[PDB]
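J.: fold the following and give me the result.
(2 chains, ligands or ions: 1)
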Amino acid sequence: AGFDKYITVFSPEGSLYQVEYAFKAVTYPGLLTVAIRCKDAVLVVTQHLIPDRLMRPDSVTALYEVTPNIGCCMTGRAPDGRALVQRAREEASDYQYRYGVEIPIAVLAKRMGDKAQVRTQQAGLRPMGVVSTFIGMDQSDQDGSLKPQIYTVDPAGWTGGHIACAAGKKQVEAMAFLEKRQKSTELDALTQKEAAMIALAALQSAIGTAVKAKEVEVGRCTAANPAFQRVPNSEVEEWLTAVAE
Amino acid sequence: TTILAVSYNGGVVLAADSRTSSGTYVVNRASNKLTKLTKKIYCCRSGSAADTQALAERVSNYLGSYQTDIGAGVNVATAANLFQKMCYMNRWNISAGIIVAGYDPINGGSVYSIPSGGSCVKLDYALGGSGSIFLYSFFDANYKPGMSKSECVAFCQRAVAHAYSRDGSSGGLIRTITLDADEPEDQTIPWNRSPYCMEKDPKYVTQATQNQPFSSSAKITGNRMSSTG
Ligand SMILES: *[B]([O])([O])[C]([C][C]([C])[C])[N]C(=O)[C]([C]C1=[C][C]=[C][C]=[C]1)[N]C(=O)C1=[C]N=[C][C]=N1
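T.: Numbering: from 1, shown residues only, chains lettered A, B, ... in the order given. Please see the structure below:
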């Protein structure tokens, strides 16, 4: 009853205060990401803003490659996100050596949520103040096709699939735009051009700025080219004009 | 097993037979001794079928985990120092002759021959396997450096076909692949369309006159093919 909040100890209302304080390290940099999957692709947009003009803008990034078919964005404390990439690259490689096949995206999200649960149960270890968003396309069963996947793991360890997610500062106004857009159409029937307009407009409704094409970076995975790659900046400009239309 | 890798201007040409044989019996006549490490770097594979398969997929997982962390392409000299490290600290327990050949944009086409002793030598062409001892005097006479891509494919297919004609260990198909700045093109020509075989070699048509007829003279007149005459 002396501290109640300084190490991983249950509060008298049954909460962990080092979990609730690590959620606030996600919104503390002030950034934002939006992920969405269409019928045949996955998209991840994120705010890529450099305040200093003397900074090399192609070094600071949040989009990482875990395996050649899984990409991720790390929204939260930026050196903590680089730490969980190196953890996920070890787990995807040790899956490859031991089991011979590439790791499923739903399984790589589960094995990274088990790493976050241990750090919030042992008293000495600090939780990672970052929300991971592992995106990719899994091999479907009984037909052999590919299927878009989005998986998000909290700093507590809450893994789960998504149709469209958001993380960072004013992530509540980004969820509210996507649910309002969900009431009209059905997001698993839209195309890659149509779904790119929503994830960029959801990034506009929260920041209220209608940002430039260099102030974001977008990575994608498509059923034709299943490898994770980031888009060119010229293709973001073809999308930002359509949102203004 | 007869494996070889030859460099041209663009990239390299890997060439190998297809036969794993337990001493004297052909367990597999359609083996694949050309192992993919990365997209542009392969390795030829001779010796123990299990000891070299475990090395080839242990290097290929270090090499793909390296490529993701770097974010660029893997050099061939990088992949040839991961076989040398493993074939030297296991050299008393494995039987492994590896020829590593590939393509990188920095150095072009590279060929590394890693013998059973565990050394590493960078070459223009490499030979390996039990059938390679036939091909030293064949490359001393018939090989001229600086061929094109289409000439190195027809040469290495003609090179392997002279090797498994005399070797008992080697035989089967001829699996070749080229690794250069284009997409990797593979080609598997069979035995019955091989560029050389001793059965259709027109100087081995006449039987050696061993089974002489019972005659009155020392004049050798060929074999005895019938009971009457
Ligand atoms: B080649 O004949 O050397 C071949 C190379 C291998 C890496 C595909 N090796 C084998 O055929 C070996 C036998 C051998 C022959 C000559 C030298 C060294 C080894 N085959 C096997 O190891 C084997 C035997 N029985 C079952 C499975 N594998």
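
J.: host element of residue 220?
T.: The chain I'm using is chain A. In this structure, residue A:220 is located in strand A:216-222 according to DSSP states H and E.

J.: please refer instead to chain B.
T.: Counting by DSSP H and E, residue B:220 is part of no helix or strand.

J.: what's the closest non-adjacent residue to it?
T.: The shortest distance from residue B:220 to any non-neighbouring residue, by C-beta to C-beta, 6 or more residues apart in numbering or on different chains, is to residue B:209 (5.6 Å). (Each C-beta comes from the backbone N, C-alpha and C, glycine too.)

J.: in this structure that neighbour contacts residue B:225, no?
T.: No - in this structure residue B:209 lies outside contact range of residue B:225 using C-beta atoms under 8 Å: 11.2 Å.

J.: in the chain, which spans are helices?
T.: Because you didn't say which chain, this covers chain A. For chain A, applying DSSP state H gives helices covering A:17-27, A:78-99, A:105-119, A:171-182, A:192-207, A:233-244.

J.: hm, I was asking about chain B
T.: Applying DSSP H to chain B gives helices spanning B:51-70, B:76-88, B:136-142, B:149-166.

J.: out of the ones you listed, which gets nearest to the ligand?
T.: The ligand lies closest to helix B:51-70 among those, at 4.6 Å (C-beta to the nearest ligand atom).

J.: right, is the closest one up against chain A?
T.: Yes - against chain A, helix B:51-70 shows contacts by C-beta under 8 Å from any C-beta of the partner chain at B:57-58, B:61, B:64-65, B:68-69.

J.: mind giving me the packing neighbours of that helix?
T.: strand A:63-67, helix A:78-99, strand B:34-36, strand B:41-47, helix B:76-88, strand B:96-104 (3 or more C-beta pairs under 8 Å, 6 or more residues apart in numbering or on different chains; DSSP states H and E).

J.: mind putting those in CSV, distance to residue B:128 and mean neighbour count included?
T.: Shown next, in CSV, are those (distance: least, C-beta to C-beta, whole Å; neighbours: other C-beta atoms under 10 Å in any protein chain shown):
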stretch, distance to residue B:128, mean neighbour count
strand A:63-67, 32, 23
helix A:78-99, 26, 16
strand B:34-36, 12, 19
strand B:41-47, 5, 26
helix B:76-88, 12, 20
strand B:96-104, 5, 28
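
J.: and of these, who's closest to the ligand?
T.: Nearest of the helices and strands packed on helix B:51-70 to the ligand, taken as C-beta to the nearest ligand atom: strand B:41-47 at 4.5 Å.

J.: can you report how many residues neighbour the closest residue to residue B:187 other than its chain neighbours?
T.: Distance criterion C-beta to C-beta, 6+ apart; nearest residue to residue B:187, sequence neighbours excluded, is residue B:176 at 5.2 Å. Neighbours of residue B:176 under the rule other C-beta atoms under 10 Å in any protein chain shown: 22.

J.: what number of residues are in the vicinity of residue 131?
T.: Answering for chain A, as no chain was given. A count of nearby residues for residue A:131, using other C-beta under 10 Å, gives 26.

J.: my question was about chain B, not that one.
T.: Number of residues near residue B:131 (other C-beta under 10 Å) recorded here: 26.

J.: counting neighbours, what do you get for the residue in chain B positioned nearest to the ligand?
T.: The nearest approach of chain B to the ligand comes at residue B:1, 2.5 Å away (C-beta to the nearest ligand atom). Neighbours of residue B:1 under the rule other C-beta under 10 Å: 28.

J.: for the residue in chain B that chain A sits nearest to, which non-adjacent residue is closest in space?
T.: Nearest residue of chain B to chain A: residue B:65, at 4.6 Å (C-beta to the nearest C-beta). Computed as C-beta to C-beta, 6+ apart, the closest residue to residue B:65 that is not its neighbour in sequence is residue A:93, at 4.6 Å.

J.: mind listing what the top strand by length along chain A pairs with, with the direction of each?
T.: Longest strand of chain A, by residue count under DSSP state E: strand A:130-139. Its sheet considered, strand A:130-139 pairs with strand A:70-76 (antiparallel), strand A:146-153 (antiparallel) by DSSP bridges.

J.: now these as TSV including distance to residue A:62?
T.: Converted to TSV, the strands paired with strand A:130-139 look like this (distance: least, C-beta to C-beta, whole Å):
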stretch	distance to residue A:62
strand A:70-76	5
strand A:146-153	14
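
J.: would TSV of the ones you listed with mean neighbour count and distance to residue A:185 be doable?
T.: Output for the strands paired with strand A:130-139, formatted as TSV (neighbours: other C-beta atoms under 10 Å in any protein chain shown; distance: least, C-beta to C-beta, whole Å):
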stretch	mean neighbour count	distance to residue A:185
strand A:70-76	27	25
strand A:146-153	22	16
